[PDB]
């Protein structure tokens, strides 16, 4: 019969209040013989009714995919509320339930440090700026780079790694054209994490 996957919001969406975090319950392998699907949603076991369910969409393998999207409150997600999606379909012997929530554990604040390039690399046409993010918990985080209020997306970020004290660390580095750096343009590392004051901090660097 059908199967169910339940997807959490992305951390940046739960962390910036102007953004729109959603939980998404997806049902696949819905047959033609029994195409009707019903969703019941619960937040800490209490039924909610504000989900937006899309009509069924036939896939190229001749089964339907049915999607329901629950809008969450940012504070609810961050306070560890459990979101349950129950899926009924007449081909099932019983409804399928799936539950998700934010990673448990005592939040710890990242400290963020930016590191300017080496001289060695400055004899190439690109250069590396490093953002060192340390001491955070849980691992959920967003790290992004920007310049002049706009994204600088030519970066890589290490996945979070466990230190010996139980908290996480990572590095992000941004590859910029060397002329841009020499010209004195300011680059900024933006870190979004539930344990930061206002869930956001930015650290900036430029040449001297």
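Numbering follows the first chain given and starts at 1.
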Pick between 76-84 and 94-102: the one whose mean CA B-factor in the entry is higher.
94-102
Using only the Cα atoms and their B-factors as the entry lists them, report which of 26-34 and 174-182 averages higher.
174-182
Which third of the chain holds residue 155 when residues are ordered by C-alpha B factor: lowest, middle or highest?
middle
Lowest, middle or highest third: where is residue 205 by C-alpha B factor in its chain?
highest
What third of the chain, by the recorded C-alpha B-factor, contains residue 138?
middle
Pull the Cα B-factor of residue 61 out of the PDB entry and bin it into the chain's lowest, middle or highest third.
highest
Going by the entry, which third of its chain does the Cα temperature factor of residue 161 land in?
highest
